[PDB]
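**Q** Below is a structure I'd like to ask you about.
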Amino acid sequence: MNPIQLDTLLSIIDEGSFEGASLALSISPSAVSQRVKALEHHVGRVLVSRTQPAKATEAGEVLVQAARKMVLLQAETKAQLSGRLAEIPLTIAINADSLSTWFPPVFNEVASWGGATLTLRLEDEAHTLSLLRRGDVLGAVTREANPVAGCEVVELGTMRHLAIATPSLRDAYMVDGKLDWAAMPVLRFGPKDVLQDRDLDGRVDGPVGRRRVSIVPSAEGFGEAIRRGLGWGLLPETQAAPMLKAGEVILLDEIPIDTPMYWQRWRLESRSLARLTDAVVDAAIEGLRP
Amino acid sequence: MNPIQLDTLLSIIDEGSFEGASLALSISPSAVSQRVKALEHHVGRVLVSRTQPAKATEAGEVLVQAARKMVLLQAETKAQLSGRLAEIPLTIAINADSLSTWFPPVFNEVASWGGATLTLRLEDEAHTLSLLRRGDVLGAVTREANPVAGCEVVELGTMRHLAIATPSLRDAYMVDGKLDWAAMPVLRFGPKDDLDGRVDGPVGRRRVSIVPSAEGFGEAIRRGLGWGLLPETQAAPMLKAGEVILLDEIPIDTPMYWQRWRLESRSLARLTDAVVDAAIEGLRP
Ligand SMILES: NC(=[NH2+])NCCC[C@H](N)C(=O)O
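Top to bottom, those sequences are chains A and B.
Read left to right, the first sequence gives residues 1 to 290 (UniProt numbering).
Read left to right, the second sequence gives residues 1 to 193, 199 to 290 (UniProt numbering).
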């Protein structure tokens, strides 16, 4: 049954006449009658008297009672929703390399809103977009530039990786003035690492023999293992700058690997989301290259 | 909040996809998407997944529960006009320990209502609350006192568990006049299911049997396979028959609650009375 008609019937009783419901609802007296007749025709029963003060019939008393029940439900739901939104964390898919460099400043902005919470899911660039598409996150950092259906994209800047190692490690694999890339132990970030898979492209020509690999599945532990000579690795220039400045590591190579990054968020008129987006863009501007 | 849009979101979930809602509602696929977009802009959150099967987000669960509440009201109203008994299915989450002790008397009451059905779901504590939140059950017996969004809570009383074993089993694990709790085989209802204040230091490995039914769990203790924590209601006959003894004068007490949708529902009110009355008759204060 049409709940607007139920409301119309209720207004008639609460206000006492058809004209009273008309003025209360800001609808014509004709509209009230149309709704009542429809509801009565839908039910198969006469529901209310056309006299004044208006009295509900036996069947009509049912719908009036029902209408007040639905009115109470609607009000309780609105209040319940308002409170749950506050409690529910905004969900983001992000990669470890963004989280370990330029992103943490976003935390400051969310903290100042007063009660907001974040849920970060750590995913590589490719996997990140699927979480957005399916709706499991409201925003996502991704290498993919084309917008997924329902979402808008903003460019954040470019992430640069450097091939770094400790000076001692490099010298250990210098022979005849040329570096033996294949023999040099390398750091890998996970058992699935796309970067470390293609880390010799344009450094070695033919088929590569077997490598010496250590795996450290945290951005900071990964950097520490390189920092400490366990292997060379591809490290975000943000992370490498202090080690290079302190002379703990050196550049093995003037050839960076560049990855443009984007922010994708569901299109919704949410000021919460708008604020989060601005915070992300602003953080990436400060910690990525133009 | 537009009530038509709530129906559409619910249809997406019930039918499993946006296309399913399209066919179910006789509206274009574009209309389904437009209605969701509008509803999402009103809330400020994504409400349902764009995958199949469609799942409500955390925010979406609020609206889905609300939509199912409205469906229940509509059904009770239709039943009142009809001049015939309602025949409304009531879906409940319950724990095995309640179902096997104090709950069954509810069956008599529900049966007497004419036409109505029960769908009981036996669920662990965590999933039980999730079902309530998203609207997959309208009521639940639970150890959780804090109300899930959209629900009201009623205290039912306290469930007492006793640590029991057969005399022969206890004697078998007496060592120098002291019982070796860690070495004694124990019963468990599942792989996710007890020595706190029974052992001080580090616990070694245990020997565990798993029996995933309340009565077989009890039967295994009764028959010496292991000790276990058993509801005093279940244990009383075994204790009276001398089949088991108390390993411990300290019971473990668990307060119980009834959580129900906040709704002016005559079915829900009636079910609550039946549940509360059963708990009054078979649980401790
Ligand atoms: N060899 C490496 N440096 N691998 C880094 C993998 C980190 C991954 N791209 C992420 O940001 O989540």
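Quick reminder that beta carbons are idealized off the backbone N, C-alpha and C, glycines included.
#1: Chain B beta carbons: is any one of them nearer than 8 angstroms to that of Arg133/A?
#2: Hey, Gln65/B and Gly135/B are a contact pair by Cβ (cut 8 angstroms); roughly how many whole angstroms apart?
#3: Check whether the Cβ atoms of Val249/A and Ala165/A sit closer than 8 angstroms, and answer yes or no.
#4: With a threshold of 7 angstroms, establish whether the CB of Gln239/B neighbours any heavy atom of ligand 1.
#5: Give me whichever residues DSSP pairs with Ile92/A in a beta bridge.
#6: What I want to know is whether the C-beta of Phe103/A ends up closer than 7 angstroms to one or more non-hydrogen atoms of ligand 1.
#7: Using the rule of at least 16 other Cβ atoms within 10 Å of the residue's Cβ for burial, across every protein chain shown, is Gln52/A buried or exposed?
#8: I want to see whether chain B comes within less than 8 angstroms of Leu276/A, judged by CB atoms only; does it?
#9: Are at least three pairs of beta-carbons, each pair with one atom in the segment 245–262 of chain A and one in the segment 27–46 of chain A, less than 8 angstroms apart?
#10: So, using beta-carbon positions, are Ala149/B and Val281/B closer together than 8 angstroms?
#11: Around the Cβ of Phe189/A, are there at least 16 other Cβ atoms within 10 angstroms (buried) or fewer (exposed)?
#12: Hey, is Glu40/B's beta-carbon within less than 8 angstroms of any beta-carbon in chain A?
#13: Are the CB atoms of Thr77/B and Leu138/B within a distance shorter than 8 angstroms?
#14: One question on the structure: do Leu288/B and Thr158/B come within less than 8 angstroms of each other, judged by their Cβ atoms?
#15: Okay, do the segment 200–216 of chain B and the segment 268–275 of chain B touch, 3+ Cβ pairs below 8 angstroms being the bar?
#16: Taking the DSSP output, what are the residues bridged to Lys78/A?
#17: Leaving out the 5 sequence neighbours to the left and right, which residues in its chain are closer than 6 angstroms to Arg68/B when beta-carbon positions are compared?
#18: Contact criterion: CB-CB distance below 8 angstroms. Does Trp263/A meet it with respect to chain B?
#19: Just to confirm, does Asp193/B get its C-beta within under 7 angstroms of one of the non-hydrogen atoms of ligand 1?
#20: If you follow the alpha helix (DSSP H) that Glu15/A is part of, which residue opens it and which one closes it?
#21: Do you know offhand how far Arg265/B's Cα is from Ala24/B's?
#22: The beta strand (DSSP E) spanning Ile226/A covers which residue range?
#23: With 16 other CB atoms within 10 Å as the buried threshold, where does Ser98/B fall?
#24: For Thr238/B, which three-state DSSP category applies?
#25: Sort out for me which residues DSSP pairs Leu252/A with in a bridge.
#26: Spell out whether any CB of chain B is found under 8 angstroms from the CB atom of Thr77/A.
#27: From the beta carbon of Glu58/B, is the nearest beta carbon of chain A less than 8 angstroms away?
#28: Helix, strand or coil for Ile215/A? Go by DSSP, reduced to three states.
#29: Please state whether the Cβ-Cβ distance between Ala163/A and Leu252/A is less than 8 angstroms.
#30: Kindly indicate which three-state DSSP category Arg265/B falls into: helix, strand or coil?
#31: With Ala165/B as the anchor, note down where its beta strand (DSSP E) starts and where it stops.
#32: Would you kindly report the start and end of the unbroken beta strand (DSSP E) that includes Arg188/A?
#33: Taking its Cβ as the centre, do 16 or more other Cβ atoms sit within 10 Å of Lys178/B, making it buried, or is it exposed?
#34: Quick check: is the beta carbon of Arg143/A nearer than 8 angstroms to any beta carbon in chain B?
#35: Run through the DSSP bridge pairs and tell me what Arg289/B is partnered with.
#36: Give me the Cα-Cα distance between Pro104/A and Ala182/B, rounded to the nearest whole angstrom.
**A** Let's see:
#1: yes
#2: With a Cβ gap of about 4 angstroms, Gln65/B and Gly135/B count as contacting.
#3: Contact check for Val249/A against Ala165/A passes: the beta carbons are separated by less than 8 angstroms.
#4: no
#5: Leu120/A and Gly139/A
#6: Here the distance from the Cβ of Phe103/A to the nearest heavy atom of ligand 1 is not below 7 angstroms.
#7: exposed
#8: no
#9: Touching, no.
#10: no
#11: buried
#12: yes
#13: Between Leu138/B and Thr77/B, the C-beta spacing is not below 8 angstroms.
#14: yes
#15: no
#16: Secondary-structure assignment with DSSP links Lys78/A through no beta bridge to anything.
#17: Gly135
#18: no
#19: no
#20: Residue range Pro3 to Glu15 is occupied by the alpha helix (DSSP H) that includes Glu15/A.
#21: 29 angstroms
#22: Unbroken run through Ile226/A is the alpha helix (DSSP H), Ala219 to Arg227; no beta strand (DSSP E).
#23: With 16 or more other Cβ atoms within 10 Å, it is buried.
#24: helix
#25: Its beta-bridge partners do not exist; DSSP assigns none.
#26: A Cβ of chain B is located within less than 8 angstroms of the beta carbon of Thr77/A.
#27: yes
#28: strand
#29: yes
#30: strand
#31: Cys151 to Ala165
#32: Here the beta strand (DSSP E) through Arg188/A covers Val186 to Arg188.
#33: exposed
#34: Cβ-Cβ to chain B under 8 angstroms: no for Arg143/A.
#35: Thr158/B
#36: Cα to Cα, the separation comes out at about 47 angstroms.
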